[PDB]
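protein-v1.pdb (PDB, C-alpha atoms (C1' of nucleotides))
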ATOM      1  CA  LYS A 311       8.792  28.738  24.052
ATOM      2  CA  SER A 312       9.055  25.211  22.690
ATOM      3  CA  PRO A 313      11.418  22.845  24.553
ATOM      4  CA  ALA A 314      14.230  20.833  22.990
ATOM      5  CA  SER A 315      12.210  17.642  22.566
ATOM      6  CA  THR A 316       9.711  19.599  20.448
ATOM      7  CA  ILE A 317      12.468  20.918  18.187
ATOM      8  CA  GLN A 318      12.980  17.222  17.382
ATOM      9  CA  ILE A 319       9.501  16.023  16.457
ATOM     10  CA  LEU A 320       8.108  19.313  15.168
ATOM     11  CA  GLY A 321       7.120  18.056  11.728
ATOM     12  CA  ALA A 322       6.463  14.312  11.600
ATOM     13  CA  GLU A 323       4.534  13.966  14.822
ATOM     14  CA  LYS A 324       2.161  11.127  13.783
ATOM     15  CA  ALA A 325       4.450   8.334  14.999
ATOM     16  CA  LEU A 326       4.992  10.542  18.033
ATOM     17  CA  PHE A 327       1.238  10.367  18.607
ATOM     18  CA  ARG A 328       1.190   6.673  17.699
ATOM     19  CA  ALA A 329       3.795   6.425  20.447
ATOM     20  CA  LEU A 330       1.772   8.518  22.908
ATOM     21  CA  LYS A 331      -1.621   6.881  22.739
ATOM     22  CA  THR A 332      -0.836   3.521  21.228
ATOM     23  CA  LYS A 333       2.040   1.933  23.098
ATOM     24  CA  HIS A 334       4.625   2.547  20.386
ATOM     25  CA  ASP A 335       7.966   4.309  20.194
ATOM     26  CA  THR A 336       8.517   7.826  18.938
ATOM     27  CA  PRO A 337      10.648   8.873  15.985
ATOM     28  CA  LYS A 338      14.091  10.011  16.931
ATOM     29  CA  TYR A 339      14.928  12.395  14.088
ATOM     30  CA  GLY A 340      11.737  14.177  13.087
ATOM     31  CA  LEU A 341      11.915  17.368  11.007
ATOM     32  CA  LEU A 342      15.503  17.730  12.229
ATOM     33  CA  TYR A 343      16.416  14.713  10.054
ATOM     34  CA  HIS A 344      16.805  16.722   6.871
ATOM     35  CA  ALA A 345      19.030  19.312   8.536
ATOM     36  CA  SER A 346      22.614  19.651   7.405
ATOM     37  CA  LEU A 347      24.124  17.777  10.366
ATOM     38  CA  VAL A 348      21.936  14.766  11.244
ATOM     39  CA  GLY A 349      22.642  12.971   7.972
ATOM     40  CA  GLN A 350      26.341  13.714   8.401
ATOM     41  CA  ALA A 351      26.510  10.744  10.773
ATOM     42  CA  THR A 352      25.855   7.097   9.903
ATOM     43  CA  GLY A 353      23.390   4.515  11.143
ATOM     44  CA  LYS A 354      22.117   4.517  14.719
ATOM     45  CA  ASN A 355      24.530   7.370  15.514
ATOM     46  CA  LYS A 356      22.118   9.632  13.610
ATOM     47  CA  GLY A 357      19.587   9.032  16.378
ATOM     48  CA  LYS A 358      21.265  10.659  19.384
ATOM     49  CA  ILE A 359      22.489  13.700  17.392
ATOM     50  CA  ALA A 360      18.805  14.474  16.850
ATOM     51  CA  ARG A 361      18.797  15.358  20.551
TER
ATOM     52  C1'   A B   1       1.237 -62.648 -40.118
ATOM     53  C1'   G B   2       1.276 -59.012 -35.561
ATOM     54  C1'   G B   3       3.968 -58.088 -30.314
ATOM     55  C1'   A B   4       7.951 -58.499 -26.282
ATOM     56  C1'   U B   5      13.428 -60.542 -24.292
ATOM     57  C1'   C B   6      18.878 -60.859 -25.386
ATOM     58  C1'   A B   7      16.509 -48.984 -40.496
ATOM     59  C1'   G B   8      10.162 -44.199 -41.066
ATOM     60  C1'   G B   9      14.941 -43.141 -35.204
ATOM     61  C1'   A B  10      17.883 -35.920 -33.540
ATOM     62  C1'   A B  11      22.325 -36.998 -30.702
ATOM     63  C1'   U B  12      30.973 -38.496 -33.019
ATOM     64  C1'   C B  13      32.671 -30.953 -30.641
ATOM     65  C1'   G B  14      40.133 -31.907 -25.801
ATOM     66  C1'   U B  15      35.195 -25.668 -21.636
ATOM     67  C1'   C B  16      35.883 -20.097 -21.578
ATOM     68  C1'   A B  17      33.047 -17.625 -18.446
ATOM     69  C1'   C B  18      28.166 -16.485 -16.348
ATOM     70  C1'   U B  19      23.745 -17.485 -13.551
ATOM     71  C1'   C B  20      20.482 -20.861 -11.215
ATOM     72  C1'   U B  21      19.169 -25.269  -8.589
ATOM     73  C1'   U B  22      20.830 -29.602  -6.142
ATOM     74  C1'   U B  23      23.224 -32.457  -2.381
ATOM     75  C1'   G B  24      27.735 -32.777   0.615
ATOM     76  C1'   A B  25      31.688 -30.803   3.692
ATOM     77  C1'   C B  26      32.450 -26.648   6.761
ATOM     78  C1'   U B  27      32.879 -22.245  11.464
ATOM     79  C1'   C B  28      29.136 -22.639  13.953
ATOM     80  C1'   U B  29      24.097 -23.325  15.883
ATOM     81  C1'   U B  30      18.300 -24.364  18.386
ATOM     82  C1'   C B  31      15.483 -28.724  19.538
ATOM     83  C1'   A B  32      18.465 -30.360  24.900
ATOM     84  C1'   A B  33      20.615 -31.967  27.411
ATOM     85  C1'   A B  34      24.461 -35.311  28.607
ATOM     86  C1'   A B  35      29.793 -36.676  28.208
ATOM     87  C1'   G B  36      34.395 -34.080  28.888
ATOM     88  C1'   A B  37      42.729 -37.243  28.055
ATOM     89  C1'   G B  38      41.346 -34.569  33.378
ATOM     90  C1'   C B  39      46.310 -31.217  36.825
ATOM     91  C1'   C B  40      49.929 -27.578  37.308
ATOM     92  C1'   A B  41      52.682 -23.510  35.420
ATOM     93  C1'   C B  42      53.824 -19.653  31.779
ATOM     94  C1'   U B  43      51.717 -16.124  28.630
ATOM     95  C1'   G B  44      47.771 -13.695  25.722
ATOM     96  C1'   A B  45      42.828 -12.015  24.890
ATOM     97  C1'   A B  46      37.845 -10.965  26.278
ATOM     98  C1'   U B  47      33.735  -9.929  29.603
ATOM     99  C1'   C B  48      31.485  -8.071  34.387
ATOM    100  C1'   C B  49      31.306  -4.881  39.115
ATOM    101  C1'   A B  50      34.353  -1.620  42.002
ATOM    102  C1'   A B  51      37.734   2.146  40.603
ATOM    103  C1'   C B  52      39.494   6.238  37.799
ATOM    104  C1'   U B  53      39.086   9.261  33.554
ATOM    105  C1'   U B  54      36.465  12.403  29.778
ATOM    106  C1'   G B  55      31.616  14.331  28.321
ATOM    107  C1'   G B  56      26.628  15.521  30.294
ATOM    108  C1'   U B  57      20.206  18.177  32.886
ATOM    109  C1'   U B  58      23.532  25.125  28.243
ATOM    110  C1'   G B  59      20.592  17.692  28.094
ATOM    111  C1'   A B  60      24.123  11.887  28.467
ATOM    112  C1'   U B  61      20.985   7.672  26.749
ATOM    113  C1'   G B  62      16.554   5.340  24.809
ATOM    114  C1'   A B  63      13.499   5.851  20.708
ATOM    115  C1'   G B  64       8.155   2.502  14.554
ATOM    116  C1'   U B  65      10.222   9.997  10.656
ATOM    117  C1'   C B  66       9.183   7.965   6.453
ATOM    118  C1'   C B  67       3.458   1.967   7.202
ATOM    119  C1'   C B  68       2.911   8.919   4.098
ATOM    120  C1'   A B  69      -1.218  13.499  11.195
ATOM    121  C1'   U B  70       0.742  15.321   4.482
ATOM    122  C1'   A B  71      -3.068  10.061   6.432
ATOM    123  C1'   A B  72      -6.538   5.868   6.912
ATOM    124  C1'   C B  73     -11.778   4.738   8.408
ATOM    125  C1'   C B  74     -15.899   7.380   9.361
ATOM    126  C1'   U B  75     -19.327  11.349  10.657
ATOM    127  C1'   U B  76     -22.377  15.674   9.433
ATOM    128  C1'   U B  77     -23.672  19.481   5.837
ATOM    129  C1'   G B  78     -24.277  22.038   0.362
ATOM    130  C1'   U B  79     -24.433  19.533  -4.804
ATOM    131  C1'   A B  80     -24.140  15.250  -9.913
ATOM    132  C1'   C B  81     -26.681  10.577 -10.696
ATOM    133  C1'   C B  82     -29.608   6.054 -10.874
ATOM    134  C1'   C B  83     -33.466   0.967  -9.705
ATOM    135  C1'   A B  84     -26.873   9.121 -18.183
ATOM    136  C1'   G B  85     -30.342   7.046 -20.802
ATOM    137  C1'   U B  86     -35.175   6.665 -23.502
ATOM    138  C1'   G B  87     -35.279   7.740 -29.668
ATOM    139  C1'   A B  88     -40.408   9.170 -33.649
ATOM    140  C1'   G B  89     -42.866  11.587 -32.164
ATOM    141  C1'   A B  90     -44.484  16.998 -31.375
ATOM    142  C1'   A B  91     -48.604  21.352 -33.069
ATOM    143  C1'   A B  92     -53.303  22.675 -36.871
ATOM    144  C1'   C B  93     -50.537  30.276 -44.051
ATOM    145  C1'   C B  94     -48.578  33.660 -47.319
ATOM    146  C1'   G B  95     -44.424  40.665 -50.514
ATOM    147  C1'   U B  96     -45.957  43.148 -55.090
ATOM    148  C1'   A B  97     -48.154  36.655 -64.219
ATOM    149  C1'   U B  98     -45.637  34.198 -60.668
ATOM    150  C1'   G B  99     -40.965  33.825 -55.566
ATOM    151  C1'   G B 100     -40.486  31.141 -49.506
ATOM    152  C1'   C B 101     -37.580  30.015 -41.836
ATOM    153  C1'   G B 102     -44.242  27.171 -42.743
ATOM    154  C1'   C B 103     -41.302  21.179 -37.663
ATOM    155  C1'   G B 104     -38.600  16.778 -37.375
ATOM    156  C1'   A B 105     -33.267  11.630 -37.822
ATOM    157  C1'   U B 106     -28.896  16.625 -40.412
ATOM    158  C1'   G B 107     -33.493  14.801 -34.099
ATOM    159  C1'   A B 108     -39.333  15.780 -33.274
ATOM    160  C1'   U B 109     -39.747  14.986 -28.072
ATOM    161  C1'   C B 110     -38.831  13.732 -22.616
ATOM    162  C1'   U B 111     -35.666  13.987 -18.168
ATOM    163  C1'   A B 112     -39.674   1.711  -3.950
ATOM    164  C1'   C B 113     -44.917   5.849  -2.057
ATOM    165  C1'   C B 114     -48.746   9.345  -1.763
ATOM    166  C1'   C B 115     -51.332  13.750  -3.883
ATOM    167  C1'   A B 116     -55.504  15.682 -10.475
ATOM    168  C1'   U B 117     -49.007  14.858 -15.632
ATOM    169  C1'   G B 118     -47.264  21.094  -9.741
ATOM    170  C1'   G B 119     -44.141  19.597  -5.272
ATOM    171  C1'   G B 120     -41.164  15.867  -2.569
ATOM    172  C1'   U B 121     -39.868  11.881   0.983
ATOM    173  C1'   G B 122     -36.564   7.028   1.081
ATOM    174  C1'   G B 123     -31.734   4.024  -0.286
ATOM    175  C1'   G B 124     -27.074   3.121  -2.973
ATOM    176  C1'   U B 125     -22.924   5.732  -5.532
ATOM    177  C1'   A B 126     -18.950  10.418  -5.746
ATOM    178  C1'   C B 127     -16.632  14.801  -4.012
ATOM    179  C1'   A B 128     -15.746  19.400  -1.540
ATOM    180  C1'   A B 129     -15.394  20.084   4.276
ATOM    181  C1'   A B 130     -14.683  19.458   9.645
ATOM    182  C1'   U B 131     -11.017  24.013  15.777
ATOM    183  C1'   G B 132     -15.695  16.416  13.997
ATOM    184  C1'   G B 133     -15.434  11.369  15.710
ATOM    185  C1'   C B 134     -11.693   7.085  16.066
ATOM    186  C1'   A B 135      -8.015   9.734  19.294
ATOM    187  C1'   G B 136      -5.437  11.397  25.078
ATOM    188  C1'   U B 137       1.261  16.981  23.011
ATOM    189  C1'   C B 138       8.346  12.088  24.126
ATOM    190  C1'   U B 139      11.902  10.385  27.915
ATOM    191  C1'   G B 140      15.496  12.742  31.435
ATOM    192  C1'   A B 141      20.417  10.463  33.876
ATOM    193  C1'   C B 142      23.681   8.353  33.051
ATOM    194  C1'   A B 143      26.700   7.359  29.038
ATOM    195  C1'   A B 144      31.469   6.256  27.053
ATOM    196  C1'   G B 145      37.173   4.822  27.581
ATOM    197  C1'   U B 146      41.161   2.086  30.642
TER
END
Starting from the file, give its structure as structure tokens.
Amino acid sequence: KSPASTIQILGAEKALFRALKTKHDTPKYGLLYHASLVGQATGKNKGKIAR
RNA sequence: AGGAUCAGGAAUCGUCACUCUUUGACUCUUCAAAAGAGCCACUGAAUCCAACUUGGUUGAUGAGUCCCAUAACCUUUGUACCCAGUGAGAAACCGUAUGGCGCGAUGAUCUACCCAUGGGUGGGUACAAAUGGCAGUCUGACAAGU
């Protein structure tokens, strides 16, 4: 029952909340960073694959 | 006799690298513009819209994970302290000719206010804890190549 954008930021949601209430920007990777495919990119390309 | 111009005192190396600093050049480049050896043609490259293509709301792009929401800073409720230390002072006899726990340094003795040495209030300091505060659960439509 959790949507795709919550599969992203499931673990490290502080900077998500710093982005929600303070006018900041969310993480892109989240708990999905340490998965076996996000790090298989390089650089900024590792951002979008987190979606 | 003491001082300053033209023997009381270290300095004779045919360089290899490495690092650092220094300035100068340099492709540029902001202050900030302004001037343009000018025009044609050929040819090349690049950019931008239209176009088309491929991929995409079964989610394209945009994005402060890590500065740790795994927190910081408090806030309330249960405990440990101190304005651990203090250190010499605490209580008045004796089984069948003779034998001892009868204290005590090797420790006796204690753990800012009112109430006659019974109880506690007040502040600092520390932690455990919070489904407590501070403190309110991402976007969503183009993207990219020629």
Pairwise distance for CA of residue 320 (chain A) and CA of residue 342 (chain A), rounded to one decimal in Å: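 Value for the CA of residue 320 (chain A)-CA of residue 342 (chain A) distance: 8.1 Å.
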Taking the file as shown, what set of residues would the PyMOL selection byres ((chain A and resi 332-337) around 10) give back, as a PDB file with C-alpha atoms (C1' of nucleotides), in the coordinates of the input?
ATOM      1  CA  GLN A 318      12.980  17.222  17.382  1.00  0.00           C
ATOM      2  CA  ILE A 319       9.501  16.023  16.457  1.00  0.00           C
ATOM      3  CA  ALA A 322       6.463  14.312  11.600  1.00  0.00           C
ATOM      4  CA  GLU A 323       4.534  13.966  14.822  1.00  0.00           C
ATOM      5  CA  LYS A 324       2.161  11.127  13.783  1.00  0.00           C
ATOM      6  CA  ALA A 325       4.450   8.334  14.999  1.00  0.00           C
ATOM      7  CA  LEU A 326       4.992  10.542  18.033  1.00  0.00           C
ATOM      8  CA  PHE A 327       1.238  10.367  18.607  1.00  0.00           C
ATOM      9  CA  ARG A 328       1.190   6.673  17.699  1.00  0.00           C
ATOM     10  CA  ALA A 329       3.795   6.425  20.447  1.00  0.00           C
ATOM     11  CA  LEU A 330       1.772   8.518  22.908  1.00  0.00           C
ATOM     12  CA  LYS A 331      -1.621   6.881  22.739  1.00  0.00           C
ATOM     13  CA  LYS A 338      14.091  10.011  16.931  1.00  0.00           C
ATOM     14  CA  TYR A 339      14.928  12.395  14.088  1.00  0.00           C
ATOM     15  CA  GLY A 340      11.737  14.177  13.087  1.00  0.00           C
ATOM     16  CA  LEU A 341      11.915  17.368  11.007  1.00  0.00           C
ATOM     17  CA  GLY A 357      19.587   9.032  16.378  1.00  0.00           C
ATOM     18  CA  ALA A 360      18.805  14.474  16.850  1.00  0.00           C
TER      19      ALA A 360
ATOM     20  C1'   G B  62      16.554   5.340  24.809  1.00  0.00           C
ATOM     21  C1'   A B  63      13.499   5.851  20.708  1.00  0.00           C
ATOM     22  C1'   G B  64       8.155   2.502  14.554  1.00  0.00           C
ATOM     23  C1'   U B  65      10.222   9.997  10.656  1.00  0.00           C
ATOM     24  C1'   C B  66       9.183   7.965   6.453  1.00  0.00           C
ATOM     25  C1'   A B 135      -8.015   9.734  19.294  1.00  0.00           C
ATOM     26  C1'   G B 136      -5.437  11.397  25.078  1.00  0.00           C
ATOM     27  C1'   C B 138       8.346  12.088  24.126  1.00  0.00           C
ATOM     28  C1'   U B 139      11.902  10.385  27.915  1.00  0.00           C
TER      29        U B 139
END
Report, as lines of an AutoDock Vina configuration file, the centre and edge lengths in Å (one decimal) of the axis-aligned box enclosing every listed atom of region 8-16 of chain B, padded by 5 Å on each side.
center_x = 25.1
center_y = -32.1
center_z = -31.3
size_x = 40.0
size_y = 34.1
size_z = 29.5
Separation of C1' of residue 113 (chain B) from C1' of residue 75 (chain B) in Å: 29.1 Å
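Minimum atom-to-atom distance to chain A, evaluated using all atoms listed in the file, belongs to B:67 out of B:67, B:141, B:25, B:17.
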Spatial neighbours of residue 134 (chain B), max dist 12 Å, all atoms listed in the file, sep filter under 5 positions, as a VMD selection string: chain B and resid 72 to 75
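Note that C1' of residue 57 (chain B) and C1' of residue 137 (chain B) are 21.4 Å apart.
Distances to residue 359 (chain A) were evaluated for B:146, B:53, B:61, B:86 using all atoms listed in the file, and the minimum falls at B:61.
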Nearest candidate to chain B (options A:321, A:347, A:311, A:356; using all atoms listed in the file):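 Smallest distance to chain B is found for A:321.
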Residue members of the PyMOL selection byres ((chain B and resi 107) around 12) in the file shown, as a VMD selection string: chain B and resid 87 to 90 103 to 106 108 to 109
Picked residues, the PyMOL selection byres ((chain B and resi 60) around 8), as a PyMOL selection string: chain B and resi 55-56+59+61+141-143
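The residue that comes closest to residue 76 (chain B), out of B:125, B:132, B:43, B:23 and on the basis of only C-alpha atoms (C1' of nucleotides), is B:132.
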Nearest residue to residue 124 (chain B) from the set B:144, B:82, B:94, B:4 (distances using all atoms listed in the file):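 Between B:144, B:82, B:94, B:4, the residue approaching residue 124 (chain B) most closely is B:82.
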Complete the atoms of region 314-350 of chain A to N, CA and C atoms and put them out as a PDB file, in the frame of the given file.
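For reference, out-v5.pdb as written:
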ATOM      1  N   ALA A 314      13.312  21.484  23.918  1.00  0.00           N
ATOM      2  CA  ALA A 314      14.230  20.833  22.990  1.00  0.00           C
ATOM      3  C   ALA A 314      13.593  19.625  22.323  1.00  0.00           C
ATOM      4  N   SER A 315      12.827  18.851  23.083  1.00  0.00           N
ATOM      5  CA  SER A 315      12.210  17.642  22.566  1.00  0.00           C
ATOM      6  C   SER A 315      11.090  17.926  21.572  1.00  0.00           C
ATOM      7  N   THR A 316      10.647  19.173  21.472  1.00  0.00           N
ATOM      8  CA  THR A 316       9.711  19.599  20.448  1.00  0.00           C
ATOM      9  C   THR A 316      10.412  20.197  19.236  1.00  0.00           C
ATOM     10  N   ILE A 317      11.678  20.589  19.364  1.00  0.00           N
ATOM     11  CA  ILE A 317      12.468  20.918  18.187  1.00  0.00           C
ATOM     12  C   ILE A 317      12.807  19.653  17.410  1.00  0.00           C
ATOM     13  N   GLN A 318      12.760  18.491  18.058  1.00  0.00           N
ATOM     14  CA  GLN A 318      12.980  17.222  17.382  1.00  0.00           C
ATOM     15  C   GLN A 318      11.798  16.848  16.494  1.00  0.00           C
ATOM     16  N   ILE A 319      10.614  16.725  17.089  1.00  0.00           N
ATOM     17  CA  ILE A 319       9.501  16.023  16.457  1.00  0.00           C
ATOM     18  C   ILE A 319       8.485  17.048  15.972  1.00  0.00           C
ATOM     19  N   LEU A 320       8.983  18.214  15.557  1.00  0.00           N
ATOM     20  CA  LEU A 320       8.108  19.313  15.168  1.00  0.00           C
ATOM     21  C   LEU A 320       7.279  18.985  13.932  1.00  0.00           C
ATOM     22  N   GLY A 321       7.874  18.359  12.923  1.00  0.00           N
ATOM     23  CA  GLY A 321       7.120  18.056  11.728  1.00  0.00           C
ATOM     24  C   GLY A 321       6.352  16.749  11.749  1.00  0.00           C
ATOM     25  N   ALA A 322       7.064  15.624  11.844  1.00  0.00           N
ATOM     26  CA  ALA A 322       6.463  14.312  11.600  1.00  0.00           C
ATOM     27  C   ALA A 322       5.970  13.677  12.905  1.00  0.00           C
ATOM     28  N   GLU A 323       4.950  14.308  13.475  1.00  0.00           N
ATOM     29  CA  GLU A 323       4.534  13.966  14.822  1.00  0.00           C
ATOM     30  C   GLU A 323       3.471  12.868  14.880  1.00  0.00           C
ATOM     31  N   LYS A 324       3.153  12.204  13.758  1.00  0.00           N
ATOM     32  CA  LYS A 324       2.161  11.127  13.783  1.00  0.00           C
ATOM     33  C   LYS A 324       2.649   9.943  14.596  1.00  0.00           C
ATOM     34  N   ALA A 325       3.838   9.430  14.264  1.00  0.00           N
ATOM     35  CA  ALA A 325       4.450   8.334  14.999  1.00  0.00           C
ATOM     36  C   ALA A 325       4.815   8.731  16.417  1.00  0.00           C
ATOM     37  N   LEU A 326       5.021  10.026  16.671  1.00  0.00           N
ATOM     38  CA  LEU A 326       4.992  10.542  18.033  1.00  0.00           C
ATOM     39  C   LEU A 326       3.641  10.274  18.688  1.00  0.00           C
ATOM     40  N   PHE A 327       2.543  10.585  17.997  1.00  0.00           N
ATOM     41  CA  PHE A 327       1.238  10.367  18.607  1.00  0.00           C
ATOM     42  C   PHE A 327       0.847   8.896  18.638  1.00  0.00           C
ATOM     43  N   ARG A 328       1.294   8.125  17.640  1.00  0.00           N
ATOM     44  CA  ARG A 328       1.190   6.673  17.699  1.00  0.00           C
ATOM     45  C   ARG A 328       2.009   6.114  18.857  1.00  0.00           C
ATOM     46  N   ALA A 329       3.061   6.812  19.260  1.00  0.00           N
ATOM     47  CA  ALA A 329       3.795   6.425  20.447  1.00  0.00           C
ATOM     48  C   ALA A 329       3.146   6.903  21.733  1.00  0.00           C
ATOM     49  N   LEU A 330       2.370   7.979  21.690  1.00  0.00           N
ATOM     50  CA  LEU A 330       1.772   8.518  22.908  1.00  0.00           C
ATOM     51  C   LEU A 330       0.526   7.770  23.332  1.00  0.00           C
ATOM     52  N   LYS A 331      -0.326   7.426  22.375  1.00  0.00           N
ATOM     53  CA  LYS A 331      -1.621   6.881  22.739  1.00  0.00           C
ATOM     54  C   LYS A 331      -1.685   5.384  22.490  1.00  0.00           C
ATOM     55  N   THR A 332      -1.168   4.927  21.361  1.00  0.00           N
ATOM     56  CA  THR A 332      -0.836   3.521  21.228  1.00  0.00           C
ATOM     57  C   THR A 332       0.516   3.350  21.895  1.00  0.00           C
ATOM     58  N   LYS A 333       0.768   2.169  22.433  1.00  0.00           N
ATOM     59  CA  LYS A 333       2.040   1.933  23.098  1.00  0.00           C
ATOM     60  C   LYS A 333       3.087   1.613  22.039  1.00  0.00           C
ATOM     61  N   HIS A 334       3.587   2.658  21.390  1.00  0.00           N
ATOM     62  CA  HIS A 334       4.625   2.547  20.386  1.00  0.00           C
ATOM     63  C   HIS A 334       5.769   3.454  20.799  1.00  0.00           C
ATOM     64  N   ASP A 335       6.753   3.562  19.921  1.00  0.00           N
ATOM     65  CA  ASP A 335       7.966   4.309  20.194  1.00  0.00           C
ATOM     66  C   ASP A 335       8.065   5.469  19.220  1.00  0.00           C
ATOM     67  N   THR A 336       8.536   6.604  19.717  1.00  0.00           N
ATOM     68  CA  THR A 336       8.517   7.826  18.938  1.00  0.00           C
ATOM     69  C   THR A 336       9.576   7.770  17.842  1.00  0.00           C
ATOM     70  N   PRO A 337       9.484   8.633  16.833  1.00  0.00           N
ATOM     71  CA  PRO A 337      10.648   8.873  15.985  1.00  0.00           C
ATOM     72  C   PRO A 337      11.766   9.496  16.789  1.00  0.00           C
ATOM     73  N   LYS A 338      12.984   9.326  16.301  1.00  0.00           N
ATOM     74  CA  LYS A 338      14.091  10.011  16.931  1.00  0.00           C
ATOM     75  C   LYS A 338      14.482  11.283  16.212  1.00  0.00           C
ATOM     76  N   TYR A 339      14.352  11.320  14.898  1.00  0.00           N
ATOM     77  CA  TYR A 339      14.928  12.395  14.088  1.00  0.00           C
ATOM     78  C   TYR A 339      13.915  13.517  13.902  1.00  0.00           C
ATOM     79  N   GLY A 340      12.759  13.189  13.344  1.00  0.00           N
ATOM     80  CA  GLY A 340      11.737  14.177  13.087  1.00  0.00           C
ATOM     81  C   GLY A 340      12.130  15.116  11.970  1.00  0.00           C
ATOM     82  N   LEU A 341      11.597  16.347  12.003  1.00  0.00           N
ATOM     83  CA  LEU A 341      11.915  17.368  11.007  1.00  0.00           C
ATOM     84  C   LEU A 341      13.390  17.742  11.015  1.00  0.00           C
ATOM     85  N   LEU A 342      14.074  17.513  12.129  1.00  0.00           N
ATOM     86  CA  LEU A 342      15.503  17.730  12.229  1.00  0.00           C
ATOM     87  C   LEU A 342      16.323  16.686  11.480  1.00  0.00           C
ATOM     88  N   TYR A 343      15.682  15.685  10.858  1.00  0.00           N
ATOM     89  CA  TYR A 343      16.416  14.713  10.054  1.00  0.00           C
ATOM     90  C   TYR A 343      17.067  15.360   8.849  1.00  0.00           C
ATOM     91  N   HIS A 344      16.340  16.209   8.143  1.00  0.00           N
ATOM     92  CA  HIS A 344      16.805  16.722   6.871  1.00  0.00           C
ATOM     93  C   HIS A 344      17.740  17.907   7.035  1.00  0.00           C
ATOM     94  N   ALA A 345      18.076  18.257   8.272  1.00  0.00           N
ATOM     95  CA  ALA A 345      19.030  19.312   8.536  1.00  0.00           C
ATOM     96  C   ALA A 345      20.428  18.875   8.123  1.00  0.00           C
ATOM     97  N   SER A 346      21.312  19.858   8.015  1.00  0.00           N
ATOM     98  CA  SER A 346      22.614  19.651   7.405  1.00  0.00           C
ATOM     99  C   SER A 346      23.606  18.921   8.302  1.00  0.00           C
ATOM    100  N   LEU A 347      23.191  18.437   9.470  1.00  0.00           N
ATOM    101  CA  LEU A 347      24.124  17.777  10.366  1.00  0.00           C
ATOM    102  C   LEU A 347      23.694  16.392  10.813  1.00  0.00           C
ATOM    103  N   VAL A 348      22.395  16.078  10.786  1.00  0.00           N
ATOM    104  CA  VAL A 348      21.936  14.766  11.244  1.00  0.00           C
ATOM    105  C   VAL A 348      22.362  13.677  10.269  1.00  0.00           C
ATOM    106  N   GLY A 349      22.205  13.928   8.970  1.00  0.00           N
ATOM    107  CA  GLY A 349      22.642  12.971   7.972  1.00  0.00           C
ATOM    108  C   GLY A 349      24.145  12.864   7.831  1.00  0.00           C
ATOM    109  N   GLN A 350      24.893  13.773   8.453  1.00  0.00           N
ATOM    110  CA  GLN A 350      26.341  13.714   8.401  1.00  0.00           C
ATOM    111  C   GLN A 350      26.926  12.642   9.314  1.00  0.00           C
TER     112      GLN A 350
END
